[PDB]
Every structure is written in structure tokens, then in C-alpha cells.
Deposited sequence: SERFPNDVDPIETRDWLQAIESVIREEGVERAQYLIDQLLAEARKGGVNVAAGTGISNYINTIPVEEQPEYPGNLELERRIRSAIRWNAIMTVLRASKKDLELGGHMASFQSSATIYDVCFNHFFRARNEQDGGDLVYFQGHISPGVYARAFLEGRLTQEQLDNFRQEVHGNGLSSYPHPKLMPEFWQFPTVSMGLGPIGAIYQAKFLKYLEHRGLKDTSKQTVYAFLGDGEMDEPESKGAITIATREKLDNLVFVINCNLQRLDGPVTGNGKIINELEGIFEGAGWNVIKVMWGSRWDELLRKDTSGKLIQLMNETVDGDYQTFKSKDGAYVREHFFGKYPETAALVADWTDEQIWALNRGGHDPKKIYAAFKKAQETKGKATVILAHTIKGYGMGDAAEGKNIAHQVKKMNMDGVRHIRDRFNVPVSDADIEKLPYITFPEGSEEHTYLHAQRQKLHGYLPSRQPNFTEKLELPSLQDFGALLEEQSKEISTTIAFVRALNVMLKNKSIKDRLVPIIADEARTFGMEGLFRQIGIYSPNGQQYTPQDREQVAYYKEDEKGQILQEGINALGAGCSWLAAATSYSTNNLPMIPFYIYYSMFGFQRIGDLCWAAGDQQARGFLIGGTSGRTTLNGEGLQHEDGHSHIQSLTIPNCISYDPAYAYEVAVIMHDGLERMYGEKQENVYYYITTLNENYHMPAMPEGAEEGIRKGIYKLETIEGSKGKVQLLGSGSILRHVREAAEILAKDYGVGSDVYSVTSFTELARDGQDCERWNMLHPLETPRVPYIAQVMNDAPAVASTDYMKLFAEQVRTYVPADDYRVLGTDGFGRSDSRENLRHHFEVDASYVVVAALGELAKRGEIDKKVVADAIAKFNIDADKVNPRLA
């Protein structure tokens, strides 16, 4: 922690390259338009919202960047990757409007997007696919996301995939936002990986939303202390140019001392008062400091500004950041929240019009007019020339990659479709599917296997010797090993999964980790990944409540599919067999990276239990992709039921199928359900369509087409709702669902499958129960199956155990 003054002393400050007065004229129009946009929205009284104070305190920081640093997407690379602070969006839209990229009608539809021609509240690529790039409003995700994006750019260069050397990643943060654990939690990574293509810009207005960050301390000092401690290059932009004569004059070092001893709350107090209150409470703390302004008019005291509002001080910090090599740089920019808004942060509008010398007449002010710069005007010429010199405009986004990939065919996954000699797991199947892909010429180097420490647990160890581990085990290593860091791996996955848009270079990430630590731990990143149109694979290993038996409560996943189904563009599967994994993976590949270029990402849960893997039945492909297909039909003269299973539990549903046939004469149709979620969504779409087209013939849900009306029983390694979600679309009067509701615990797979009530004997008892409620068999036979299977009818509900 250094003195509370600029890191870059004036003697080392480069000459500012732009026309200050002209840039200020342009900036004032941007400030004006951003405010008009939000005010016009308010006028509608539709509780739309929108911020103004924030952008006002940081506009000059962004302005210097737009005039002198931000490289736009170009023929060589995707340009600088800017994670704009979400709340300043009205400012971004204002500039875009000025550069003629957005129309007045769009600004007038700020926060009204349903009818089509509006603008999102915040950066949401999903909502504005050709404009926004990085979802940042969920505080904390932007900084860690940016760190891993920068690391990913380095990876692409080291792999020889693309020269990203001219690209800088900028993460614009708030000082209040830094309290989010994800904000500073991963900063040492930028040091380990020498990310000199990453710049953190923290707007230190000493305020958050409902107050200051730390009123009793000095948030800027805390930030410097930990970033410096983390090995980062720290640049403090504390004071404007007016303090420079004062400082090279305070021979006593008393001013420095005064600046160092004053705390955040007070500096904020000074903000509100005036020159008088300042010359007396601040400069009047000592005679050596009271003497520096003792002969300064008050109004001149009040003109002393913070560095974050001074273009010259800002330019030097970014220029310095740009030159630094070997480590990341963090710029702590000192600003005034609600700067120049007086009163608050038509009299109010009048005040800002005057404050920024905005070209709006008294006659026009009540219309809340937007300002434009005609072709030919000095402002219009300069605005565009600065951007042209920096390759164009940003933000902007390309929704589809341009090259055509030559994807492996399903037949290339041929060995996985036939009966397996050895007993293997769906996880071993996954790894083998990866190997097929690694032999494909077109995509083999585009694949990004991602792991979080654990490789051996998922049988990934063999890949290590074939493609290596990225480690700038060398800079050509292909596998990304992120250590014990679920969020970080997820961020690497997101960067790779969105490379197709960002750098027009499709990369196909496969992130495998404990399914329990997927959506449950990084769910907010998964939702943002959907917003960012991520196209990749999330592989939930060691999944299923009863299957990762020995681990217990915090590891046994009986609900990740309940969490994954809440993401509109995430496609989820829970396969039982190796051939299903093959078919599913081929399809996602095709959908996401084939000509269709569908904006979805896949979630497949895999298992750590080995068992016999049979051959795929001929013609089952489409059923597998759709979510359900009939495996077999077993004869039986005394009854008929339908049995559904998925994942590790399918094997047990089939055992029940034989027990029913063998001991009770009950026949059945056995179906493998590769995705209850995809079937429920299909069912919902059909009922929605039927409701909206009452004069048409009702469409039939696919599951209803595959199944019949005989009483049905379903069992899975997940909570009941996973299978219950398709109830409305199941064409049978009786649909019983078995599931693993309840906290997991340690034991043998057999004991857990009995405790959660999902094993063969419970499937049998459930099936017989339905046939008895129908009369096909007497209740006494279900009561004896119960005694026979040593089933404890009165043990507590597993959900409560």
C-alpha cells in the first residue's frame, strides 16, 4: 500500500493524444442522450427502471477508451473483449445511437423488448445477438469470467489456433461489486498465468447502492493491498491535474499525509459541502496544508477533482496497462458517484443541460430531445475517425461462425454402438466418444477437454499422454486442468464454448466434473452461459444419488437434472448405455457445430458404475435423441405394464421386468428414457399449440406416441419429479414414479437403492400395486411381494430420513 496519490506522477505522464475540448463536446452529448433515454422510459410510468448515476461517474473512463484504446472486431481478431459494467448500458446505447448504430425509435423502446424493436436493460446477447457480447449484471461473474477469457486467448495463441496477441480483455467493475467472493477469489490466477492481456478497471466512487463500500476504511487501499499481494500491477488514478502544482509544492509532505489519513466517509462528506467547508475541514487540518490554499479562491478549491474524471490521468493508466508485460493490471479509478447531477445525484434537466453545456435550447428541453451530430460537423468527423482508426465499432457480435466443419459421422462412433465385451460405464463411453472426435481431422484440435483437478476419477488419465496438459505438460498441451475450482473451469468452458462468436473460431469444450458441483455450485454461470449462447458440453460425472455410493450427502446427486431443466437452452440427457452416449454426443455436435448452428449447450450425466453394455437396437437413433424408445417387450399372460428407466437405474427396471414375467405372469413394455426433460418440453409444446389452435386436430406428444395405455412405473437415480414431469403426457391412467428424494448418505449401491426405494423389488411392488387397483390380481399378492422382498413398509420416507 502506497501513498494515496496517483501511481503515475505527472513527470511520467505521456502527452494526451486527443482534442480534449472536442472529445468533451461529444461526451456531453452521450451523457445527455443516456439520461434522456432513462427519463423518457420513466415518463411511461411502467416501472421500467434504468440507471443514470453510475454511467455519469464513469463516462470519461469509457470515453478515453473509445477514443484511444478499444479495438473493434476485425479481419485478424475479435478485437478487445469488453465486459462493460451492466448498469452503464444507457451510456453504451447513447454512444451507439450517436455513431448512428441505433435509431431513435430503439432508444425510445429502452427496456421494452417484447414487440421486437427495443433495447435490453443490460448486456444480454440472447436478447440482442448482434450487439452485446458478455453478460455482466450478475455482479462478480464478469471479473472471473474475464480472467478465464484472457487465459483462453493465451491458450488459443499457444495452441497455434489463432494469433490473439493484439487482443486485450477489459473488465469494468464497481468497487461495491468487489465484495462478491468471485470478484477477487480468482485473481492469483492472472498472476500464475501471466495474463498481460487482462485489465481490471474498478470504478471507485467509494459508493455501492445503499451506501459506501466501507465508510470507516479506505476501500481503495484494501483493493490495492490485495491485488498487489496477488502479484498484480496496480495503477491508482486518484486526483485530477489541478492537484499537480499543489503536490510539487507541499514540501512538508503534510498534504500527502493528510490525503493518507482521511477516510472514505469523510471524502464523501467533502463531496457535498463546498470550497469553504473544504479549505477549513480538509486543507485546514494543518498549517502547511492550509497554507497551500490559504491564498486560493474558494471556488478554485471546489474545482479540485478526482483522477477518474480527468482524461489525462485516465489515458496514462490505460497506456501504462497496455505496455505492461508479465502480469495483469488493475486500474483503481477514483470518481464521483452521480457526478454533475447536483440536486438528485424540468429544473433538474435544466441543471444538467447547463452543467455539461449541452446543445439543447430552452425551447426544446421539455421534449427531452436526443442530440445528433450531422455529417460534416467537427464532432461527427472526430467521433468516427477515432473509431475507424480502431477498426470500427463495439460492442457488436457475430452470431454464427463462418467456416464449415467436417464433423464425424455417427458411423465413426461405430464401436460404441455395438455390444461391449468388457463391462464399462457411460463415463468410459464418453471418454471413448472423445477419442473418436480426436481422430477427426476437422475438429481434433478444436476440442477443449476441461477438468477440475480430478482426472483419474473420471478415467481421463489416458488422454493426458495423447494430447497433453496445457501448461505455459507444456504450452501446446490441449487439456485444460483448472485444479479444485468449479467456477473457474466453468469460466474456461464458457470462453471456449463462445469462441465461435467471439473470435469466429469454433472450439468444442467438454467439461467433466462431479455432477453435484455443477448447476448447484455454478448455476448462476450456467444461466449466464445460456444468455451468452454457449455451445458446448457439460458432463456431470459420478452422477445419480445411489451410484456414487460411498461419498454421501454433499456428493450424491439426485437432482442436477431438476436444476438443469430450468435453463431454456440447455439440452439434458441421463443415458443408461454406451450407444446412447454415442448417439447423443453425435447429435449435439451436429446441432451446435454443424450447419444448423443451434444455440444450445448439452448436459449429459455419466456414471462410475460398470455393467454390461448391449448393442443399440436398429432404428433407435431418433428415439434416443428424442428422449425415449421401447427396448423390449416381455410376454406374460396374467397382466401387462410399462416400465420406464433411465441412467444406472434402467438396469434394475429391466430386472423387475423379468421378475414380473417369471414370478407373476405379468408382461411388459420396457422403455429406456434418455431424457425425461426433453420429453416434458415436447409435451408442453404440444399442449401449448393445441390450446392456441382449438379448431385443429390435437397434436400428440412424442412420449404418448411411443407409449401405450397399460399401467406404467418409472424409476431413476433422481428425485421423483424428474420422471413425474411427463405425467400429463403419459397416455396411461396409472403412472407410478419411484425416485431418490432425500439426502444421500454413505453405503453400498445395493443398500442405497433399497433405502431410496428405487431398486428392482420396489419397481415390482409398484407394478403389482397398479394391477391390483385395477383388479387383475388380488391385493394379497402385492402384500406378499412386500414380505417376500423383505421390504420395510413402515420405514421413514427417504425424503425425511
{"query": "Coordinate gaps, deposited numbering", "finding": "1-55, 401-413, 541-557"}
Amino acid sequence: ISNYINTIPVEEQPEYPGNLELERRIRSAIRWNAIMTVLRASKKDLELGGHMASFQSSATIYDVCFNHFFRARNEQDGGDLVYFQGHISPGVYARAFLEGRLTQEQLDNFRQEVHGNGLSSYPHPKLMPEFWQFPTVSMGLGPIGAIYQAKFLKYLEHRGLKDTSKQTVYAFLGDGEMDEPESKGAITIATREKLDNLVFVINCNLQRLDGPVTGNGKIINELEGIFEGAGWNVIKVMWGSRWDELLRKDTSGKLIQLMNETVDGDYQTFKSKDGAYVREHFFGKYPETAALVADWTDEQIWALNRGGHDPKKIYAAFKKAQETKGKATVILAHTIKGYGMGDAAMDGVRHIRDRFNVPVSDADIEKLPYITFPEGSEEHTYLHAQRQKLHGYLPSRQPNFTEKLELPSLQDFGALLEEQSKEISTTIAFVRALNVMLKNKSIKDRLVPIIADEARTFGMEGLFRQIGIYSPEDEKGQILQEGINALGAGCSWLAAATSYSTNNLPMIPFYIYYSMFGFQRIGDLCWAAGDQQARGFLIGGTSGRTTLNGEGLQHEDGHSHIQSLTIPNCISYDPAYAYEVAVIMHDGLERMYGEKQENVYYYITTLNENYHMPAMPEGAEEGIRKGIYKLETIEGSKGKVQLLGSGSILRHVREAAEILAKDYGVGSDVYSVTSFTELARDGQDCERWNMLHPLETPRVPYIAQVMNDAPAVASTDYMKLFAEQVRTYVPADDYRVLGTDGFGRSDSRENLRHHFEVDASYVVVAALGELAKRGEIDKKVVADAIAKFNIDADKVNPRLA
From here on, numbers count along this sequence of modelled residues.
{"query": "Given 504-512 and 625-633, the range whose Cα B-factors average higher in the PDB entry", "finding": "625-633"}
{"query": "Average Cα temperature factor in the PDB entry - higher stretch of 526-534, 703-711", "finding": "703-711"}
{"query": "Top Cα B factor in the deposited entry, candidates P575, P129, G541, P359", "finding": "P359"}
{"query": "Maximum C-alpha temperature factor, selected from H555, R111, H281, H87", "finding": "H281"}
{"query": "Third of the chain, ranked by Cα B-factor, where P568 sits", "finding": "lowest"}
{"query": "Modelled-residue ranking by C-alpha temperature factor, third containing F430", "finding": "middle"}
{"query": "Chain third (lowest, middle, highest) by recorded CA B-factor, residue given as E770", "finding": "highest"}
{"query": "Third assignment of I35 from its chain's C-alpha B-factors", "finding": "lowest"}
{"query": "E47, C-alpha B-factor rank within chain (lowest, middle or highest third)", "finding": "middle"}
